[PDB]
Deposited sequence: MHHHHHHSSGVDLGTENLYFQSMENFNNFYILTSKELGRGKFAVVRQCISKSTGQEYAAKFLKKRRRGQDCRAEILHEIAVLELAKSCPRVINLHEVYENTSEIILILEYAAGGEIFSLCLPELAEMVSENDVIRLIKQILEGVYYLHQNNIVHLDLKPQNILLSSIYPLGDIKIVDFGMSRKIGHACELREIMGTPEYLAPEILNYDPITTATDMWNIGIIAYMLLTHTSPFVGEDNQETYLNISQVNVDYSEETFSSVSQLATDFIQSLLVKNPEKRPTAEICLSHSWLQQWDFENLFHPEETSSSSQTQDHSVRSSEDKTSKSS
């Protein structure tokens, strides 16, 4: 096999990897690296080219094409450089030190105000609007796949993990009903996932997970979500409406990202302004 991207010798001449492993999946690992010249931190994602007996370089190229298309959108993580060796394609990615928005959805962490959730969702919607305007549907917008540039203080959103992206069977609890019914790919699926993200940020509970997958699937297909006074006692009606407008069975009835940006819940004046 003939290599396309810059050589590994170059990678090691230009970067040093740190002891901080950032993430690992079955066919990928992400590690922090540092430019030897500048000292700037990046995230190096090593994607295996062979998976499950299938040559996946074409798919990796598609993922690079997407990150490149969205370079001008600061809500999508930016690709800095690319290297390649025998088994791997290595993405040198903008570093986001704040971790996953998932971290903010756990009981443990409380430090996330309505102001913060409103801004994060708005930034998420800006990134998705941009993607959709370009006929890109992420298709994997779990809270794990949106990072923050900082948490001390709370920074800005960076959508990552475009491996499932497409033009207009993963982790069960975040699959949209249309995916469970083998309907085609719609931009509406991302909007369902933004419903789940708002629900998780605000309740710190997962909206559809059951005691097992079969129940998880029953909850998604029936759109059986907990809106009891107990779970929603500290959640605002406006936030409730936003969520309830996204989490509906029929994808055609979900508002677009554009319309979501005009939702009353997100209209705020910064009090510092005249």
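Residues of the deposited sequence missing from the coordinate set occupy positions 1-15, 125, 185-193, 300-327.
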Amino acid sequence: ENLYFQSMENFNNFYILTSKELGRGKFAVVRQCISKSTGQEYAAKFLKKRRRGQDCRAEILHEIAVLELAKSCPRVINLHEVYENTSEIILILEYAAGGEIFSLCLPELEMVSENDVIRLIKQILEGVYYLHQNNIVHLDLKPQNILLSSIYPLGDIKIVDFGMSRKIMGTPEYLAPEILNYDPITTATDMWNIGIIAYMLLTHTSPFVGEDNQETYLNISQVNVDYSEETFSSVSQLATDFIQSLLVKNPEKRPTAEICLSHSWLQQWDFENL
From here on, numbers count along this sequence of modelled residues.
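Rigid core: the largest C-alpha set superposing within 1.5 Å between the two forms.
Core-fitted comparison in 8 other deposited structures of this protein shows that, between 183-191 and 110-118, the CA atoms farther from the shown form belong to 110-118. As listed in the deposited structure, the average C-alpha B-factor of 28-36 and of 221-229 is greater for 221-229. Once the C-alpha B-factors are averaged per stretch, 67-75 and 177-185 rank with 177-185 first. Comparing the listed residues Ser113, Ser103, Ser87, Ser165, the entry records the largest Cα B-factor for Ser165. Of the candidates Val235, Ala44, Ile60, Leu246, it is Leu246 whose Cα B-factor is highest according to the PDB record. Among all modelled residues in this chain, the alpha-carbon of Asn13 has a temperature factor (C-alpha) in the highest third.
Annotation for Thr240: C-alpha temperature factor in the middle third relative to the rest of the modelled chain, per the entry. In the PDB entry, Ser7 places in the lowest third of its chain by CA B-factor. Compared with the other modelled residues of the chain, the Cα B-factor recorded for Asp156 ranks in the middle third. Among the modelled residues of its chain, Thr203 has a C-alpha B-factor that falls in the lowest third, as given in the PDB entry.
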